[PDB]
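Before any comments, here is the structure.
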Amino acid sequence: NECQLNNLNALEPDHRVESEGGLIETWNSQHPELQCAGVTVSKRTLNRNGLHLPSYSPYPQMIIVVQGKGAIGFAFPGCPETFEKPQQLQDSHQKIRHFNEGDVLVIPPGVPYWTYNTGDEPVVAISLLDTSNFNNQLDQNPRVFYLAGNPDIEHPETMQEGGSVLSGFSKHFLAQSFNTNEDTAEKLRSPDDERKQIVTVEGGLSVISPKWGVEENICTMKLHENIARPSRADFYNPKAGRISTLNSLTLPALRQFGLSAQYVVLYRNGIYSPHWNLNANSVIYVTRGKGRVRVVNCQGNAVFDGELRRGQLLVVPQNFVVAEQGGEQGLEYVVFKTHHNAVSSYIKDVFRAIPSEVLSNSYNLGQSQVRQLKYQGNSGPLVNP
Amino acid sequence: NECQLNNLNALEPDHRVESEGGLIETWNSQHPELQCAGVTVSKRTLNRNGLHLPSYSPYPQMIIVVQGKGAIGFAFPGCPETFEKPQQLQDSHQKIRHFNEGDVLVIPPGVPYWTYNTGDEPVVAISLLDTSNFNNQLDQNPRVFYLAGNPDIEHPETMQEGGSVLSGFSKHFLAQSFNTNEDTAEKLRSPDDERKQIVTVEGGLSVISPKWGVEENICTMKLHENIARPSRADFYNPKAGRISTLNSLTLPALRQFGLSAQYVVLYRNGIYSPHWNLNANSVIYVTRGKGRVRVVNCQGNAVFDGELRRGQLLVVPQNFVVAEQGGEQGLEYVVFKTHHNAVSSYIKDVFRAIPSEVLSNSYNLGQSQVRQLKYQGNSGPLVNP
Amino acid sequence: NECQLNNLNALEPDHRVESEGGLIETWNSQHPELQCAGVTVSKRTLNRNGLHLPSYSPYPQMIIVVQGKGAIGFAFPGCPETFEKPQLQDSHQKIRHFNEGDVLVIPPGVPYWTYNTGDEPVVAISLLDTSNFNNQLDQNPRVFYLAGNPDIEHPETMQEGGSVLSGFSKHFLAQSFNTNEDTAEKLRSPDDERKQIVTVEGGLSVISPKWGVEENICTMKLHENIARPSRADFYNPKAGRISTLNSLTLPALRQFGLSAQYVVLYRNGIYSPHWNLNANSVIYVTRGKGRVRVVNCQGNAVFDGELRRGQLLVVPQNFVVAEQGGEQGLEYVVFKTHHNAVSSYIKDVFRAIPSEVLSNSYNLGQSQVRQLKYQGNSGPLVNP
Amino acid sequence: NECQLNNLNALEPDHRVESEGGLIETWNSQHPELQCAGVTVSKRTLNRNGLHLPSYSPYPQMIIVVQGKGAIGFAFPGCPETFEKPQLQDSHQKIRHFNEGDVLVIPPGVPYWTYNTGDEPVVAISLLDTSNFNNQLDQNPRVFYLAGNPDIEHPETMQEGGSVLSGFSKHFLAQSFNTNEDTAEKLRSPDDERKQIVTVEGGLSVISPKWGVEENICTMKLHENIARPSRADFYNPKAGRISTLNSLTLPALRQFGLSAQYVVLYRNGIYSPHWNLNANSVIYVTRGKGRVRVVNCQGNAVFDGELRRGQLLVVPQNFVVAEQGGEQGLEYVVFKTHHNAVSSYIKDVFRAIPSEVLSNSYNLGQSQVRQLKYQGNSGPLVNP
Amino acid sequence: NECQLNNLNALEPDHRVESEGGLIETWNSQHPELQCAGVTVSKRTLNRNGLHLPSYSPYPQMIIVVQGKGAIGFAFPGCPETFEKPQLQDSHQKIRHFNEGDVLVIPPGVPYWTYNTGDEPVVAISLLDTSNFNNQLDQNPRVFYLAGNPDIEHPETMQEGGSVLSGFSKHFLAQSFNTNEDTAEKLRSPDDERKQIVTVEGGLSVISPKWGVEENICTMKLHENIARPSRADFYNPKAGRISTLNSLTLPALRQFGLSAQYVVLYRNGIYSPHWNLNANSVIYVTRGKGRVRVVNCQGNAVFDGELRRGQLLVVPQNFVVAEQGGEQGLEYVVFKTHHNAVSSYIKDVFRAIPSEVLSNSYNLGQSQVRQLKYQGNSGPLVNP
Ligand SMILES: [Mg+2]
Ligand SMILES: [Mg+2]
Ligand SMILES: [Mg+2]
Ligand SMILES: [Mg+2]
Ligand SMILES: [Mg+2]
């Protein structure tokens with residue numbers, strides 16, 4: 001009965017991990033709303049020259065960059081290092097991908113990744129940790145395997161200290177394994193490192209990049225897409241707002257990760273009429289502004305009815321009906337959905353699909369009243385009252 | 001250990017919901033047999049002019065109409081209203097599908113649907129609610145989201161009153177959302193409606209129908225097929241009975257819903273020899289007659305051994321061996337299976353696949369005895385003793 | 001440049017084969033229109049007690065039954081005989097019943113036979129998808145009979161003949177099938193003058209209620225009604241109806257590259273200008289008469305005239321077509337060479353394009369544009 | 001034997017169509033090279049306020065925008081009008097914006113229109129995949145215009161013309177669209193002398209932020225940037241960069257059998273000997289100049305010369321090719337007739353083969369072999 | 001009408017290429033039979049210490065090894081060198097061992113080389129699937145050698161030649177591969193008179209036990225034994241055995257459109273009348289002799305005669321064929337142009353059809369019909 005919730009709360013971060021080069025804030029995965037959704041969320045901040053040390057988790061992550069710009073690099077197993085710099089190579093590594101605010105990034109399960117702030121302002125990103133994803137064969141707990149550094153626990157609720165996976169091996173064995181000296185091997189264990197999982201790169205970081213076979217396809221799996229730019233809108237009403245969808249039809253990698261998302265922008269008083277998601281739980285994170293949100297369950301009860309503003313997280317269970325109205329300054333938010341091609345339906349459109357007399361007898365309405373419901377007013381889900 | 005059942009009971013409806021235009025009977029989803037199967041069942045009756053108000057659930061439903069005739073209409077999101085009637089349109093809606101006794105209907109997860117009795121006798125349908133379906137991201141509880149009316153709870157065991165999803169919103173907000181007046185909006189909340197989920201349409205219902213791009217495919221997803229007609233038999237022995245299979249190879253939509261079924265008709269003394277389902281749990285609902293049924297588990301124990309008659313439900317767990325023999329008046333039943341292409345095997349056929357000497361040494365049988373088992377008698381699963 | 005056609009003709013059968021229990025009429029596969037579409041057509045009539053002897057072809061066939069009722073049986077390789085009557089008096093694969101309005105699908109290489117179970121004759125029109133990707137021989141229609149002594153159904157290809165079994169000696173057939181020379185001789189149909197469709201005196205009798213690998217593949221759905229009023233996917237009570245049959249309704253079609261639609265236009269009903277995005281089409285009028293127009297990429301009406309019952313008209317991929325029912329309406333089936341053929345009607349296109357793009361495109365005023373987009377019924381079926 | 005070519009030529013447009021708001025230049029589809037690859041190319045220029053009238057073709061088109069910025073709109077059949085401005089002043093399908101460096105994909109049979117939103121003209125090169133499996137007509141390029149009075153863009157195929165709507169009478173158009181004869185007459189573009197690309201005086205205005213089935217299919221991604229420096233999949237700061245665009249980045253390509261790469265070579269940068277395993281390729285130089293060599297199975301350089309901006313060069317499947325940037329570098333797009341074209345460069349091949357196989361193959365000493373395998377950069381982009 | 005063949009011939013190689021370490025014999029791709037099937041065949045013999053230099057072709061090849069033992073290595077693009085011997089003395093991709101009875105599959109565009117590891121010569125028959133959908137060039141067989149100075153293996157297509165590397169200058173090769181002119185000169189095989197198969201004096205030595213992307217794609221299964229007695233899918237100890245190799249046993253075949261069967265008939269053993277539903281077939285006799293008969297749709301035996309070791313016989317899709325082992329039996333491989341070719345034998349067909357349909361079809365009595373259906377072994381392999 002994990003989703004038999006009579007109340008839904010707007011949630012904010014519960015735990016904080018302050019590092020040399022940044023901050024990591026996590027929502028406790030044990031909140032009943034998040035347990036129903038089968039996910040948890042993590043907000044990461046990379047300060048100037050901030051470098052998030054390489055790590056991987058046993059489930060996919062969908063991240064939206066809400067501030068700043070940087071680069072992310074993955075370590076795909078067995079793939080060639082297509083970025084090379086001659087000194088005889090002086091260095092070579094895999095493709096460096098750049099991201100900006102409004103972009104969504106996807107981290108594959110088990111694939112190592114690192115990120116770096118390439119701008120002046122701090123990078124702020126919100127990550128949906130899809131812990132319940134079918135690909136996670138461990139358990140519901142969020143887990144982060146660091147390949148470097150001496151991290152602090154990011155999800156403390158699961159401990160009921162941190163260390164890299166390399167610190168679990170002796171320097172002697174690492175020395176032999178990696179055909180290196182024990183001095184190098186000891187450093188690989190981060191024995192005296194006190195910077196934690198996000199460090200500051202003094203002097204700035206330098207990597208091979210134009211801007212700063214298997215290689216053509218798989219090894220270059222597209223893992224980022226802008227979702228917030230106005231021009232990418234899929235639904236639009238100049239006087240109400242816009243809705244943009246990012247799913248497996250845009251980012252094919254999502255098909256195997258069971259995740260998709262939408263970015264919604266509602267202008268002052270703009271309304272996103274009553275709608276529901278047919279095949280997925282959803283998690284709203286407000287990126288800006290404020291608005292009135294209402295979520296109704298199968299008993300016609302509003303499990304949530306209140307203001308929702310920047311920084312808050314609100315779970316909308318599969319099939320529950322939700323509606324939003326932009327406040328004074330409008331409202332913007334991303335909605336993570338636990339399906340690679342999540343589909344929703346809005347009630348206005350439903351009325352149009354049902355025969356006039358079915359509607360009349362259902363709501364005891366007159367022919368003219370029904371007609372006005374099915375044919376009058378703007379057609380889309382975005383309404384300017 | 002949800003399926004470690006040492007006993008299986010023939011089950012009948014536990015709860016009843018009497019409405020103006022019909023009746024809804026449900027089997028408690030907490031019976032251990034149903035918990036093992038990961039499903040529950042609901043029997044619906046639409047009286048003359050009976051209209052089942054529009055609703056949707058977060059899992060698929062496979063329904064078999066055992067009596068009467070009517071029409072069902074769905075509300076596919078974003079699809080065009082291909083049925084239109086000029087007065088300038090006087091009304092338009094989506095395709096109306098007709099059904100008759102012996103037909104199976106499939107309801108997609110999250111898709112709204114309504115049904116209406118177009119004949120004189122009442123429509124009686126038995127619905128398999130596939131609550132454990134992978135697409136249900138909530139929890140095991142059955143749930144019905146009504147878009148209209150003031151319903152009573154159909155699965156009371158989950159409350160440990162009813163209302164439409166629209167009654168969860170204020171008339172003022174619905175008024176703005178749907179660009180209508182507050183009078184219409186208040187009626188949309190069904191504030192004074194006491195008819196419940198199945199209403200009687202006085203004077204009969206009228207909808208657009210010849211009989212009473214995306215539109216060509218998806219928006220017209222085939223969601224009904226006759227399963228009981230004699231001529232649709234897949235296995236047949238004039239002196240024993242018949243077996244008909246309905247799976248994803250006949251109704252492609254079933255591939256995504258993980259459901260299939262069979263309709264079996266056994267004549268007097270007709271036998272459906274010992275067989276089992278390799279990849280799916282099964283739920284038998286007797287539509288007519290009576291017969292002796294035996295279910296044996298992995299310890300060689302008959303967890304069920306008795307008469308099974310019209311109206312009773314019997315779960316047959318995956319891999320358990322079952323056999324049926326038509327009684328005096330014969331036996332007819334539908335079997336819902338929780339796989340889009342459920343496959344079964346009958347022991348007679350198994351003997352034929354195993355080498356004679358493997359059989360001899362397995363059962364201490366003589367060469368002649370084995371030969372008679374593998375080659376003598378009718379070949380199929382339907383036996384006339 | 002097989003489709004660089006400046007003219008399209010309404011075609012009727014050009015060849016006929018008279019047999020004891022029926023008739024087979026075919027359209028010459030060499031007509032420029034049929035060559036562009038990469039198919040040919042065949043009309044088969046089974047008289048009372050008529051039986052079409054077992055045969056198979058290296059490509060799929062989509063058949064619409066326009067009259068009568070009957071049964072069709074296939075021989076799926078290696079599949080068990082699930083129909084049996086108790087030693088076994090007899091056993092055979094599933095028997096499938098059909099009626100007028102039904103569409104049957106014949107898989108490539110799979111033997112099938114048909115029998116008329118009613119009094120009136122069975123009349124069926126078959127689209128022989130010769131250009132199908134599964135046909136690795138050549139674009140010529142071919143029929144491999146397993147029995148009888150047939151006459152060539154498509155003579156244009158030759159530019160006599162027996163069953164495939166007649167190509168073997170009775171001696172070898174006797175050894176192969178572990179049978180005696182007497183039976184083996186008969187398997188070659190040496191003195192059979194009945195041709196491919198025979199009359200079963202006394203009537204045919206088979207195992208059937210009304211008259212593992214099994215559960216699925218071995219008994220896959222190969223027939224579906226397409227003409228019933230209630231099956232309409234598009235409908236305007238004052239104009240007509242359109243029904244679509246594709247891989248979403250009949251899964252096997254996914255592998256055969258074929259789909260169809262059944263159109264019924266009432267008096268003066270119009271199926272407004274539309275085109276198929278991904279497939280060539282072949283119209284066969286089953287009833288009535290109406291005006292049909294087909295326009296190519298140069299804006300030329302390669303066809304502009306009446307089309308009546310029994311006539312065939314090819315509509316090439318992307319060519320724009322429109323139809324209007326005559327005094328007694330018009331009904332027709334449209335075979336399309338794609339498992340999920342998609343069409344688009346111009347009215348709907350106007351709705352998708354911005355007003356000013358339309359205004360500047362056709363030199364129209366905002367008002368007139370508003371007219372095209374929001375006035376009238378929105379569907380493709382129009383009541384003028 | 002269309003590809004049994006002993007010679008390959010660098011080709012430039014041979015035909016041109018001047019219209020009011022733009023220009024269309026095409027390469028003759030009959031060049032032996034283009035026939036072997038089964039495609040043709042078209043360069044389209046939209047001048048300021050230029051609008052390319054609605055049209056569709058029976059095959060997919062892959063377009064790279066080499067200059068300017070604009071908007072492209074498609075008309076997906078049966079899809080809802082998700083862009084609306086409040087009765088509705090107007091509503092239409094999604095508007096997609098593009099800039100130089102972007103690749104656009106046009107689905108078969110789907111109408112599309114484009115508009116220049118900037119001051120400089122929009123220049124785009126389109127690969128018309130005429131041999132695509134979805135094209136069931138013939139290998140001839142065809143353009144079905146929904147509006148205007150166009151001139152033939154590919155005249156070689158004829159060996160006048162209007163919109164598909166001009167093929168209908170104004171009377172029938174009036175009845176079909178429930179409109180008056182006046183509007184219907186205009187829908188036929190009878191006195192339009194502007195041709196296929198027109199100039200929108202005052203500028204075009206549409207619904208857009210900057211200027212169910214919806215969520216997915218109805219709004220599928222049909223454009224992606226391929227030329228930005230940051231999108232490089234291969235990179236050597238001293239030699240150049242290679243970017244790949246295929247079905248893994250743009251899903252729709254899976255159904256259209258097309259992919260591409262954008263190559264940028266710096267001064268004297270070399271893209272070492274490589275070949276495409278599963279597709280024919282067509283290079284179009286967007287900037288600079290360089291030496292290109294193409295070798296067939298006989299070890300003959302069917303092409304060995306300079307290739308500069310605006311020139312087209314076909315590289316047949318499996319033929320080995322190499323390029324070297326000139327004094328000012330070389331940039332080019334390569335269209336490939338496969339949704340996921342795979343290539344292989346010889347340097348990498350040496351690494352995969354055992355030393356002694358190599359030694360015995362080329363009569364080299366262990367030392368020299370060691371040279372080929374482990375010395376130098378490992379990638380395909382070489383700085384000599 | 002390439003398959004409208006009234007006659008089929010048993011074919012033997014017509015051309016030969018003698019090289020230092022082996023021999024290559026080919027069948028002319030222009031034989032009417034081979035053109036109908038859309039393929040050609042090649043027999044390759046590697047003498048002791050023989051090495052077939054690296055090469056690749058724009059279509060898949062299915063090869064059955066009829067004699068000897070050896071190793072085959074491929075060069076998968078961008079894949080890591082997982083075989084290494086410690087700086088690295090050397091590293092290269094996986095080495096795959098094969099023996100007689102094994103079938104090897106060569107992917108389109110992928111370089112491969114083979115080496116004889118035994119004393120007796122390796123003899124292999126290769127089905128060159130030139131008509132494969134992946135081949136976007138033309139139906140001509142082509143071999144792109146990466147090394148050596150080969151002679152044309154399929155001369156009929158020309159109606160000299162070197163390696164693809166010989167098409168480049170040594171200067172450019174030196175720059176491309178970061179090597180010196182000396183090595184580069186050698187990469188062009190200028191004074192090599194050994195041809196495509198060379199003799200490795202002293203024997204070849206490679207990394208191998210016996211002599212991420214890795215785990216999967218980069219090391220996909222490309223070989224499987226098909227001839228071992230124990231692998232039989234069909235078996236009658238008194239008649240023979242049939243083994244099938246398709247995409248269900250070797251996944252890669254799904255992408256190459258090929259499958260095969262290995263048939264062994266004992267003395268007088270019969271493979272009763274059967275046909276392939278979805279593919280053309282090419283028989284190659286590996287041992288013995290027997291009577292083969294092929295009947296077309298007119299009931300004419302387009303082939304009726306003996307077929308012995310080393311002979312090739314095409315059996316077109318849907319044509320009915322039967323074989324009977326001679327005094328010393330008959331063994332043969334059958335290549336089929338479909339990843340999952342399906343066949344059907346007439347005996348099984350009789351079992352699927354109702355008694356009365358059969359009675360009326362062949363004018364047989366209930367008794368005789370009962371004979372065909374239930375008497376004798378039920379399988380396709382018959383002991384007369
Ligand atoms: Mg929302
Ligand atoms: Mg049962
Ligand atoms: Mg039509
Ligand atoms: Mg290139
Ligand atoms: Mg054979």
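In the structure tokens, chains take letters A, B, ... by order of appearance, with residues numbered from 1 within each chain and ligands from 1 in the order shown.
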How close does chain C get to ligand 3? List, as a Markdown table, each residue of chain C within 7 Å, its nearest atom pair and the distance in Å to one decimal, counting only C-alpha atoms and all ligand atoms.
| residue | atom | partner | partner_atom_place_in_ligand_line | distance |
| --- | --- | --- | --- | --- |
| C:321 | CA | ligand 3 | 1 (Mg) | 6.5 |
| C:322 | CA | ligand 3 | 1 (Mg) | 6.8 |
| C:334 | CA | ligand 3 | 1 (Mg) | 6.4 |
- Query: If you run DSSP on this backbone, which residues of segment 25-216 of chain B come out as helix (DSSP H, G or I), and could you give them as an NGL selection string?
  - Reply: :B and (32-37 or 156-159 or 166-168 or 171-177 or 182-187)
- Give me the residues within 8 Å of residue 55 of chain E as an MDAnalysis selection string, counting only C-alpha atoms and dropping any in the same chain fewer than 3 places off. chainID E and resid 110:113 143:147
Got time to write the residues from that selection, C-alpha atoms, as a PDB file, in the first residue's frame?
ATOM      1  CA  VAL E 110      34.577  -6.454 -42.179  1.00  0.00           C
ATOM      2  CA  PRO E 111      38.162  -7.503 -43.007  1.00  0.00           C
ATOM      3  CA  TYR E 112      39.079 -11.144 -42.341  1.00  0.00           C
ATOM      4  CA  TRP E 113      42.056 -13.430 -42.905  1.00  0.00           C
ATOM      5  CA  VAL E 143      36.810  -8.284 -53.009  1.00  0.00           C
ATOM      6  CA  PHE E 144      38.734  -5.393 -51.456  1.00  0.00           C
ATOM      7  CA  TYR E 145      42.183  -6.643 -50.456  1.00  0.00           C
ATOM      8  CA  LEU E 146      44.065  -4.744 -47.769  1.00  0.00           C
ATOM      9  CA  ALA E 147      47.360  -6.391 -48.727  1.00  0.00           C
TER      10      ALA E 147
END
Residues contacting ligand 2 - anything with an atom at most 10 Å away, using only C-alpha atoms and all ligand atoms - can you give me those as a short mmCIF file (atom, residue, chain, number, x, y, z; two decimals) with N, CA, C and O atoms, in the first residue's frame?
data_model
loop_
_atom_site.label_atom_id
_atom_site.label_comp_id
_atom_site.auth_asym_id
_atom_site.auth_seq_id
_atom_site.Cartn_x
_atom_site.Cartn_y
_atom_site.Cartn_z
N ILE B 243 -11.15 -25.84 -27.50
CA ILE B 243 -10.32 -24.86 -26.81
C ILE B 243 -9.98 -23.76 -27.81
O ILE B 243 -9.54 -24.04 -28.93
N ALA B 261 -5.96 -15.23 -22.99
CA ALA B 261 -7.04 -16.04 -22.46
C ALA B 261 -7.39 -17.21 -23.35
O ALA B 261 -6.94 -17.29 -24.49
N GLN B 262 -8.19 -18.11 -22.80
CA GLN B 262 -8.67 -19.26 -23.55
C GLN B 262 -10.13 -19.45 -23.17
O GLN B 262 -10.56 -19.06 -22.08
N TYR B 263 -10.91 -19.99 -24.10
CA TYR B 263 -12.30 -20.29 -23.82
C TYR B 263 -12.39 -21.78 -24.05
O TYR B 263 -12.02 -22.27 -25.12
N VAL B 264 -12.85 -22.50 -23.04
CA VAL B 264 -12.94 -23.94 -23.12
C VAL B 264 -14.37 -24.44 -22.98
O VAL B 264 -15.11 -23.99 -22.11
N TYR B 272 -10.23 -32.57 -20.38
CA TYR B 272 -9.12 -31.73 -20.80
C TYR B 272 -8.00 -32.34 -19.95
O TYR B 272 -7.83 -31.98 -18.78
N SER B 273 -7.27 -33.29 -20.53
CA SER B 273 -6.21 -34.00 -19.82
C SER B 273 -5.20 -33.12 -19.09
O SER B 273 -5.03 -31.95 -19.41
N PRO B 274 -4.51 -33.70 -18.08
CA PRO B 274 -3.52 -32.98 -17.28
C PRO B 274 -2.57 -32.12 -18.12
O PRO B 274 -1.87 -32.62 -19.00
N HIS B 275 -2.57 -30.83 -17.83
CA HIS B 275 -1.74 -29.86 -18.53
C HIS B 275 -1.34 -28.77 -17.54
O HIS B 275 -1.89 -28.69 -16.45
N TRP B 276 -0.37 -27.95 -17.93
CA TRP B 276 0.07 -26.84 -17.09
C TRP B 276 0.50 -25.67 -17.96
O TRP B 276 0.74 -25.83 -19.16
N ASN B 277 0.58 -24.49 -17.36
CA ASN B 277 0.99 -23.31 -18.08
C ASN B 277 2.44 -23.06 -17.71
O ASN B 277 2.78 -22.93 -16.54
N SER B 282 -2.95 -18.49 -13.92
CA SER B 282 -4.22 -18.51 -14.64
C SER B 282 -5.38 -18.36 -13.68
O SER B 282 -5.27 -18.70 -12.50
N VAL B 283 -6.49 -17.85 -14.20
CA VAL B 283 -7.70 -17.69 -13.39
C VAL B 283 -8.89 -18.16 -14.21
O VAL B 283 -9.23 -17.57 -15.25
N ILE B 284 -9.52 -19.23 -13.75
CA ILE B 284 -10.67 -19.80 -14.43
C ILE B 284 -11.96 -19.22 -13.88
O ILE B 284 -12.12 -19.07 -12.67
N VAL B 293 -12.78 -30.55 -11.26
CA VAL B 293 -11.48 -29.95 -11.53
C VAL B 293 -10.47 -30.38 -10.47
O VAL B 293 -10.81 -30.51 -9.29
N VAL B 295 -6.32 -29.66 -9.29
CA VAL B 295 -5.08 -28.90 -9.43
C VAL B 295 -4.05 -29.55 -8.50
O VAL B 295 -4.31 -29.73 -7.31
N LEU B 314 -11.53 -19.93 -10.04
CA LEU B 314 -10.49 -20.82 -9.51
C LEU B 314 -9.13 -20.47 -10.09
O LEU B 314 -8.94 -20.48 -11.31
N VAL B 315 -8.19 -20.16 -9.20
CA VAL B 315 -6.84 -19.81 -9.62
C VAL B 315 -6.00 -21.05 -9.84
O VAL B 315 -6.00 -21.97 -9.01
N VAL B 316 -5.27 -21.08 -10.96
CA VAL B 316 -4.38 -22.19 -11.24
C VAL B 316 -2.99 -21.56 -11.39
O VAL B 316 -2.66 -20.99 -12.43
N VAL B 321 -0.25 -28.41 -12.20
CA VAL B 321 -0.92 -29.24 -13.18
C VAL B 321 -2.43 -29.28 -12.92
O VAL B 321 -2.87 -29.50 -11.79
N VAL B 322 -3.21 -29.05 -13.97
CA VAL B 322 -4.65 -29.05 -13.85
C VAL B 322 -5.34 -29.94 -14.89
O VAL B 322 -4.81 -30.19 -15.98
N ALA B 323 -6.53 -30.41 -14.55
CA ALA B 323 -7.32 -31.24 -15.45
C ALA B 323 -8.80 -30.98 -15.17
O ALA B 323 -9.17 -30.65 -14.05
N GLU B 324 -9.62 -31.09 -16.21
CA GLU B 324 -11.06 -30.84 -16.08
C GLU B 324 -11.90 -31.87 -16.83
O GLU B 324 -11.52 -32.34 -17.90
N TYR B 333 -15.91 -22.44 -19.70
CA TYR B 333 -15.23 -21.44 -18.90
C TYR B 333 -14.18 -20.67 -19.69
O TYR B 333 -13.71 -21.11 -20.74
N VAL B 334 -13.84 -19.49 -19.18
CA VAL B 334 -12.81 -18.69 -19.79
C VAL B 334 -11.65 -18.81 -18.81
O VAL B 334 -11.87 -19.04 -17.61
N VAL B 335 -10.43 -18.69 -19.30
CA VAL B 335 -9.27 -18.76 -18.43
C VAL B 335 -8.40 -17.57 -18.75
O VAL B 335 -7.90 -17.46 -19.87
N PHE B 336 -8.24 -16.68 -17.79
CA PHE B 336 -7.39 -15.52 -18.00
C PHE B 336 -5.97 -15.95 -17.63
O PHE B 336 -5.77 -16.64 -16.64
N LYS B 337 -4.99 -15.56 -18.43
CA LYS B 337 -3.60 -15.91 -18.13
C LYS B 337 -2.77 -14.63 -18.16
O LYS B 337 -2.90 -13.81 -19.08
N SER B 344 0.92 -23.45 -22.86
CA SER B 344 0.68 -24.58 -21.99
C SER B 344 1.21 -25.85 -22.62
O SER B 344 1.58 -25.89 -23.80
#
- Item | Interface, chain B side, toward chain D (12 Å; only C-alpha atoms) as a ChimeraX atom specification | /B:75-82,88,110-111,179,213-220
